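Okay, so here's the structure we're looking at.
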Amino acid sequence: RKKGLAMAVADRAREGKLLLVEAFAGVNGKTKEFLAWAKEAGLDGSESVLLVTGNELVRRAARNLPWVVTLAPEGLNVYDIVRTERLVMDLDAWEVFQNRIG
Amino acid sequence: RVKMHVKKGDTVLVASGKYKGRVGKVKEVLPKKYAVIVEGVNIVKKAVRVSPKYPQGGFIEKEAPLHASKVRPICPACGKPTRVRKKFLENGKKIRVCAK
Amino acid sequence: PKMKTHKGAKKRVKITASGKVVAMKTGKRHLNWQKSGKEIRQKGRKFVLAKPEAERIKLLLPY
Amino acid sequence: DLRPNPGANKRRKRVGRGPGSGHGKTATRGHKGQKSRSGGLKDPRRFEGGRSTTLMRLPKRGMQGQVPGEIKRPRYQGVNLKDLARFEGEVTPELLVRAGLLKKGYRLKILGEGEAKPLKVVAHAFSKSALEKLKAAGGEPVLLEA
RNA sequence: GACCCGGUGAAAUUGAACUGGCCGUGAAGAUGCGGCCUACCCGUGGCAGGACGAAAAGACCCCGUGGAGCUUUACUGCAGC
RNA sequence: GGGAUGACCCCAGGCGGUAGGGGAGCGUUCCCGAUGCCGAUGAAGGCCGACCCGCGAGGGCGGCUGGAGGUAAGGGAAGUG
RNA sequence: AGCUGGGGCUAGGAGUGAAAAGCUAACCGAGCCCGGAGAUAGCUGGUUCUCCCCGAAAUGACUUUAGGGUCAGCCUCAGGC
RNA sequence: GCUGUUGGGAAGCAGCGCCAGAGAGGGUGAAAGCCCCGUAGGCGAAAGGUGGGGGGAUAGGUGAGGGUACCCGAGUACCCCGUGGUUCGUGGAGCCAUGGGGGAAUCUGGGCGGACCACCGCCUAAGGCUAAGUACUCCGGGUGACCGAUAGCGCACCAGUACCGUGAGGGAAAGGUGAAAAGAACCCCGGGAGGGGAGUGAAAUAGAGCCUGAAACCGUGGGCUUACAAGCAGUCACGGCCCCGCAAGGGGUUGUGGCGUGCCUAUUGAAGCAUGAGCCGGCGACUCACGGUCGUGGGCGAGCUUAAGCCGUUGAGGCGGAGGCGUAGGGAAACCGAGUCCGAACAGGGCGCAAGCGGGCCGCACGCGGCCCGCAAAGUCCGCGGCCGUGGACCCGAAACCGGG
RNA sequence: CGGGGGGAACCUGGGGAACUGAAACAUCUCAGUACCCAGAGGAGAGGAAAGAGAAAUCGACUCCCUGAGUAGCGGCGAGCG
Ligand SMILES: [Mg+2]
Ligand SMILES: [Mg+2]
Ligand SMILES: [Mg+2]
Ligand SMILES: [Mg+2]
Ligand SMILES: [Mg+2]
Ligand SMILES: [Mg+2]
Ligand SMILES: [Mg+2]
Ligand SMILES: [Mg+2]
Ligand SMILES: [Mg+2]
Ligand SMILES: [Mg+2]
Ligand SMILES: [Mg+2]
Ligand SMILES: [Mg+2]
Ligand SMILES: [Mg+2]
Ligand SMILES: [Mg+2]
Ligand SMILES: [Mg+2]
Ligand SMILES: [Mg+2]
Ligand SMILES: [Mg+2]
Ligand SMILES: [Mg+2]
Ligand SMILES: [Mg+2]
Ligand SMILES: [Mg+2]
Ligand SMILES: [Mg+2]
Ligand SMILES: [Mg+2]
Ligand SMILES: [Mg+2]
Ligand SMILES: [Mg+2]
Ligand SMILES: [Mg+2]
Ligand SMILES: [Mg+2]
Ligand SMILES: [Mg+2]
Ligand SMILES: [Mg+2]
Ligand SMILES: [Mg+2]
Ligand SMILES: [Mg+2]
Ligand SMILES: [Mg+2]
Ligand SMILES: [Mg+2]
Ligand SMILES: [Mg+2]
Ligand SMILES: [Mg+2]
Ligand SMILES: [Mg+2]
Ligand SMILES: [Mg+2]
Ligand SMILES: [Mg+2]
Ligand SMILES: [Mg+2]
Ligand SMILES: [Mg+2]
Ligand SMILES: [Mg+2]
Ligand SMILES: [Mg+2]
Ligand SMILES: [Mg+2]
Ligand SMILES: [Mg+2]
Ligand SMILES: [Mg+2]
Ligand SMILES: [Mg+2]
Ligand SMILES: [Mg+2]
Ligand SMILES: [Mg+2]
Ligand SMILES: [Mg+2]
Ligand SMILES: [Mg+2]
Ligand SMILES: [Mg+2]
Ligand SMILES: [Mg+2]
Numbered sequence: 106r107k108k109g110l111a112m113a114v115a116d117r118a119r120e121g122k123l124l125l126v127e128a129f130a131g132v133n134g135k136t137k138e139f140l141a142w143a144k145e146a147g148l149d150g151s152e153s154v155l156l157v158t159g160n161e162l163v164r165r166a167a168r169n170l171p172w173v174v175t176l177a178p179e180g181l182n183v184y185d186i187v188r189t190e191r192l193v194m195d196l197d198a199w200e201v202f203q204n205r206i207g
Numbered sequence: 002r003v004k005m006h007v008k009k010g011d012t013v014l015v016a017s018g019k020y021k022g023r024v025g026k027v028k029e030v031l032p033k034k035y036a037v038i039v040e041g042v043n044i045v046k047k048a049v050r051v052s053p054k055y056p057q058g059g060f061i062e063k064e065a066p067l068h069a070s071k072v073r074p075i076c077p078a079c080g081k082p083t084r085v086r087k088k089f090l091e092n093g094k095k096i097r098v099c100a101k
Numbered sequence: 002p003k004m005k006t007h008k009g010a011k012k013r014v015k016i017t018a019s020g021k022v023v024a025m026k027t028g029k030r031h032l033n034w035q036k037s038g039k040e041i042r043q044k045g046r047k048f049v050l051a052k053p054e055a056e057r058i059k060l061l062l063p064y
Numbered sequence: 005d006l007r008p009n010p011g012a013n014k015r016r017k018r019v020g021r022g023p024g025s026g027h028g029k030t031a032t033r034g035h036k037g038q039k040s041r042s043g044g045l046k047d048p049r050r051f052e053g054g055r056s057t058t059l060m061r062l063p064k065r066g067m068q069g070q071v072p073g074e075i076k077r078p079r080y081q082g083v084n085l086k087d088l089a090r091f092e093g094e095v096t097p098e099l100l101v102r103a104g105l106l107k108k109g110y111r112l113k114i115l116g117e118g119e120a121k122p123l124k125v126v127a128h129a130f131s132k133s134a135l136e137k138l139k140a141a142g143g144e145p146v147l148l149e150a
């Protein structure tokens with residue numbers, strides 16, 4: 106379960122479709138806002154994005170977007186990672202991601 | 002109760018099909034079928050020639066029910082869905098940048 | 002559900018480390034008297050072949 | 005990676021064995037063809053013939069056990085030197101379980117093959133060859149029982 | 001009654017059928033294989049030799065370490081005495 | 001054997017077959033793929049075909065019917081022929 | 001030792017029986033219904049798509065065994081020499 | 001969220017917009033985030049039930065040394081006889097319960113630690129009560145690699161009904177027009193049922209037990225073909241006729257000649273006068289769980305691995321080392337141990353062990369230090385497949401047996 | 001003042017089979033299961049040790065996982081555990 110979890114992120118990384126961030130400028134969970142931020146970040150909606158952050162506000166933000174799969178860091182599974190063209194991760198999520206490896 | 006809906010005995014528009022764009026008065030609500038009436042849609046009912054009230058003739062019809070989903074209210078403009086205001090004590094329905 | 006180990010086997014056989022079934026020689030529990038010393042003496046232990054696979058299957062978990 | 009082709013490699017073979025068709029396992033059903041092929045036999049393993057199976061062997065392996073049960077007695081578990089070599093300091097039980105061999109198996113008895121090493125070893129029993137090799141530089145914590 | 005006409009109209013059985021005879025053959029009793037001999041197509045009334053005709057997984061026989069009813073100084077129990 | 005491994009060419013053998021052992025596949029229902037894609041310029045299903053591709057189980061293409069659903073390439077389950 | 005209406009009692013190893021093992025709701029050497037229950041069946045029957053390779057036995061010993069089994073022999077598949 | 005267009009009907013397609021804590025799903029004449037019911041989210045009870053979860057309040061209850069020596073559950077303990085339970089089937093048979101007989105004492109008392117004694121130790125019977133965690137699902141709700149009218153409960157429908165049986169009991173079949181009845185006024189044949197026109201409809205071989213409507217089965221028309229043949233009904237080869245096609249070439253039919261012992265099962269052996277099948281459509285038979293043993297795709301390797309459960313999500317996973325298997329084998333065991341067992345035996349003999357590497361690669365030790373290497377040496381865990389064990393274990397089938405009615 | 005009767009499963013107690021398995025059968029198994037009866041409830045039972053068992057130990061009862069198919073029981077058979 107460890108390796109698998111790791112090899113997933115790896116692949117996405119190698120392809121160049123990984124992107125850890127911190128700059129969640131789209132404050133208060135409003136789809137509008139998150140849509141603007143995505144536009145300035147390069148997420149038009151032509152690639153499935155697996156948004157994993159521990160910020161419940163950014164959670165509600167997306168979720169309703171057919172091209173976005175919201176998820177908390179503890180629930181980061183490999184299935185979802187493989188069914189989304191792009192991987193955008195919170196920095197706090199990239200923390201527990203390490204800790205959950207040997 | 003469990004089957005209340007959008008309109009009642011007032012003016013409505015018909016965004017339906019065959020009679021699209023038509024506008025009519027009180028649509029005699031059913032609603033055990035989710036239909037109305039308006040002044041649109043008519044057909045030709047055979048009506049057997051019996052004496053009761055149709056003494057020899059028969060081929061006149063009324064107004065078709067018309068599925069209530071195909072109508073939309075109209076007031077100080079065109080269509081537009083419906084909103085509800087408190088009335089500071091009672092209860093009434095207003096449009097969206099219009100009224101009742 | 003969950004095989005049971007055959008108690009009649011464990012009480013009379015033992016499986017070595019190579020996976021060989023071993024048991025006591027038969028024929029000296031009450032014949033003795035007109036049996037040469039050589040007979041009774043030659044009663045130690047012995048193998049078994051073809052029968053130890055059918056045999057070993059009953060000592061499932063005890064290994 | 006991607007949805008297409010992540011599939012099992014080489015040998016996955018789920019394809020079980022169905023026996024129904026002119027080609028493969030028709031009629032009889034991929035075996036059988038006689039009678040006493042219906043709900044089972046009696047084993048064979050041990051059973052059948054109507055003979056003596058092979059229950060002729062005697063169990064001189066006496067001491068089956070009395071009704072009260074087995075006797076509670078301290079069991080010893082070996083461990084050659086080859087293992088221990090791995091680490092320095094003072095080896096002791098509990099310290100050996102929280103590592104490789106032993107684990108609650110109760111009473112450590114170091115012994116056998118391998119080279120000794122300058123390090124105290126707390127045990128419960130020691131083979132001859134152990135006391136030997138270890139005399140040539142190394143510990144000896146024995147006795148215990150307290 | 002059966003037979004003809006008018007009316008209503010079953011059944012078991014049925015691998016499919018374009019279903020002849022004799023010698024012979026064949027798992028040793030042939031419409032169906034072989035050789036030969038007969039023989040235009042389709043029906044109705046009748047006889048029952050055959051289709052090892054129908055019906056009922058032979059009730060006689062044997063096998064099964066099958067069942068059940070009965071007997072006794074077979075075994076082992078039980079009521080009762 | 002050529003190597004060029006390109007599953008593409010050569011040489012020489014083998015290929016009757018019940019019980020059984022083994023090896024490849026076809027089709028049916030359902031799941032991920034799916035907030036997708038095909039569909040009223042007509043989905044599933046049905047009736048035809050002398051056409052095409054596979055050794056074959058099958059799969060395509062075309063004509064009529066039909067009138068609202070169907071689901072690839074790659075994989076996963078089983079009330080599967 | 002008659003027949004008969006109506007009303008009543010006795011039943012499943014039990015009734016009743018001018019005695020046949022008769023009757024006990026059209027089949028009685030132990031009624032019928034439901035359950036244990038999908039009893040058990042070393043027997044009979046049946047067992048569904050395609051192609052490719054190999055390819056048996058009907059023997060011996062023991063068996064309350066003899067139409068059933070365990071081992072060996074004979075087929076096949078993988079690994080090694 | 002309007003307009004446009006194809007259309008019988010837009011939600012499809014096109015242009016241009018908008019919401020989203022709401023893009024679950026359903027419905028509207030077809031497929032719609034913005035038409036409708038809803039969903040995210042957020043409110044709400046005069047009355048009745050529930051409710052220490054949060055508050056208080058009652059009832060009840062809490063100590064130390066020294067004396068006396070009064071009390072500490074009776075036909076009871078305890079003993080014997082006959083039994084039941086426990087893994088305990090007379091067994092060395094204790095312990096818990098008790099039908100019979102006998103039958104004590106109150107802490108110097110009395111039972112137990114597997115017959116019985118002796119030390120050591122454990123516990124206070126013959127009075128009673130006590131939540132929570134556990135089991136179940138008539139009822140409500142949510143989900144489904146659950147069925148979709150021969151399936152799924154027996155029942156999607158007026159079903160435990162019609163019907164059988166004295167009774168207990170058994171126990172079915174049977175769903176669909178259309179978006180909307182607009183379900184056919186009137187005319188003709190006819191007694192009617194039925195049709196034929198006409199009319200509604202996008203469609204009427206969608207016309208009312210009406211969606212699609214297959215197969216067996218029964219018709220009408222057309223082509224070919226049969227009244228000197230004979231046969232498991234076919235097949236191969238010529239010929240004639242009729243269709244399609246420009247033509248080489250196909251399709252259909254069969255006149256004559258050749259060749260030809262149905263299918264399945266069971267069998268040494270069947271076309272068999274051995275079994276089974278009237279024909280068609282549909283239901284129908286190697287499964288699942290838990291252990292085991294081989295092979296296999298993987299993870300890690302002197303190690304590998306978690307069970308119950310806790311925390312999360314609401315199709316998200318983490319945590320949890322109690323435990324399991326393997327690293328040592330022998331011996332009945334005491335026991336010893338790379339040895340052990342029989343034996344007096346450093347004779348013998350039975351069981352056991354004696355594994356690295358080609359070496360990735362250079363430090364710029366012209367080493368192998370170590371790391372790397374692949375199963376490995378060597379094993380575990382998961383998946384997958386063959387087979388085995390226990391369960392109905394591939395499916396149908398008894399004559400019978402027992403309990404309650 | 002209470003009780004009486006009902007309720008799909010689930011609980012306790014009092015009673016309590018045989019087919020089957022042992023490839024026959026009687027000890028044994030199926031099994032204290034099926035079924036009957038009584039009672040209690042949204043749960044029932046059990047429950048403050050005259051306990052366990054070898055540890056200078058634990059500390060009411062109940063439920064899940066291990067212990068463990070161990071120890072043991074057994075025509076030392078099948079099997080129970
Ligand atoms: Mg989303
Ligand atoms: Mg709305
Ligand atoms: Mg299959
Ligand atoms: Mg089959
Ligand atoms: Mg075969
Ligand atoms: Mg057969
Ligand atoms: Mg035979
Ligand atoms: Mg059997
Ligand atoms: Mg007549
Ligand atoms: Mg003829
Ligand atoms: Mg003849
Ligand atoms: Mg002839
Ligand atoms: Mg005649
Ligand atoms: Mg006659
Ligand atoms: Mg017969
Ligand atoms: Mg062949
Ligand atoms: Mg389905
Ligand atoms: Mg389908
Ligand atoms: Mg099937
Ligand atoms: Mg009377
Ligand atoms: Mg009678
Ligand atoms: Mg009767
Ligand atoms: Mg039974
Ligand atoms: Mg051959
Ligand atoms: Mg023979
Ligand atoms: Mg429009
Ligand atoms: Mg739109
Ligand atoms: Mg006193
Ligand atoms: Mg007391
Ligand atoms: Mg007594
Ligand atoms: Mg006592
Ligand atoms: Mg005690
Ligand atoms: Mg039904
Ligand atoms: Mg009646
Ligand atoms: Mg139609
Ligand atoms: Mg329809
Ligand atoms: Mg004709
Ligand atoms: Mg002629
Ligand atoms: Mg012929
Ligand atoms: Mg014969
Ligand atoms: Mg044969
Ligand atoms: Mg025949
Ligand atoms: Mg015949
Ligand atoms: Mg026969
Ligand atoms: Mg017949
Ligand atoms: Mg049966
Ligand atoms: Mg019995
Ligand atoms: Mg019996
Ligand atoms: Mg028996
Ligand atoms: Mg309670
Ligand atoms: Mg028991």
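Residue numbers (the entry's author numbering), protein chains in the order written: chain BF, 106 to 207; chain BY, 2 to 101; chain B8, 2 to 64; chain BP, 5 to 150. Every residue, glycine too, gets a C-beta built ideally from N, C-alpha and C.
- The stretch 42 to 61 of chain BY and the stretch 73 to 87 of chain BY do not touch, with fewer than 3 CB-CB distances between them shorter than 8 Å.
- Distances from the CB of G24 (chain BP) to the heavy atoms of ligand 4 include at least one below 8 Å.
- Contact annotation for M25 (chain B8) against chain BP: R61, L62, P63, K64 and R65 [CB-CB distance below 8 Å, chain order].
- Under a 10 Å Cβ-count criterion, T32 (chain BP) is classified as exposed, with fewer than 16 other Cβ atoms of the shown protein chains found around its own Cβ.
- Fewer than three Cβ pairs drawn from the stretch 13 to 29 of chain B8 and the stretch 5 to 25 of chain BP lie within less than 8 Å of each other, which leaves the two stretches out of contact.
- When the five nearest sequence neighbours on each side are left out, the beta carbons in the same chain lying within less than 8 Å of the beta carbon of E56 (chain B8) are those of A10, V14, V22 and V49, in order along the chain.
- As a beta-bridge residue in DSSP terms, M25 (chain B8) pairs with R46 (chain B8).
- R16 (chain BP) does not reach chain BF, its nearest Cβ partner there being about 17 Å away, counting only Cβ pairs nearer than 8 Å.
- Taking the Cα of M194 (chain BF) as reference, the smallest distance to any Cα among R205 (chain BF), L181 (chain BF) and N204 (chain BF) is reached at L181 (chain BF).
- Nearest CB-CB separation between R42 (chain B8) and chain BP: not below the 9 Å threshold.
- Excluding sequence positions up to five before and after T189 (chain BF), its CB lies within less than 7 Å of the CB of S153, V154, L155 and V174, all in the same chain and listed in chain order.
- Contact note: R49 (chain BP) reaches chain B8 through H7, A55, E56, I58 and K59, using a C-beta cutoff of 9 Å and chain order.
- Any Cβ of chain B8 closer than 9 Å to the Cβ of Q68 (chain BP) would place that residue at the interface, and such an atom is present.
- The Cβ-Cβ distance between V125 (chain BP) and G143 (chain BP) falls below 9 Å.
- According to DSSP, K94 (chain BY) shares a beta bridge with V85 (chain BY).
- Remark: the C-beta of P82 (chain BY) is in contact range of ligand 2, defined as less than 8 Å to any heavy atom.
- Less than 9 Å separates the beta-carbon of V45 (chain BY) from that of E62 (chain BY).
- Proximity of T58 (chain BP) to chain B8, defined by a Cβ-Cβ separation below 9 Å, is satisfied.
- Here DSSP, grouped into helix, strand and coil, assigns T189 (chain BF) to coil.
- One alpha carbon belongs to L31 (chain BY), the other to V15 (chain BY), and they sit about 17 Å apart.
- For the pair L100 (chain BP) and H128 (chain BP), the CB atoms are not nearer than the 9 Å cut-off.
- The shortest CA-to-CA distance from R7 (chain BP) to any of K107 (chain BF), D116 (chain BF), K108 (chain BF) and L170 (chain BF) is the one to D116 (chain BF).
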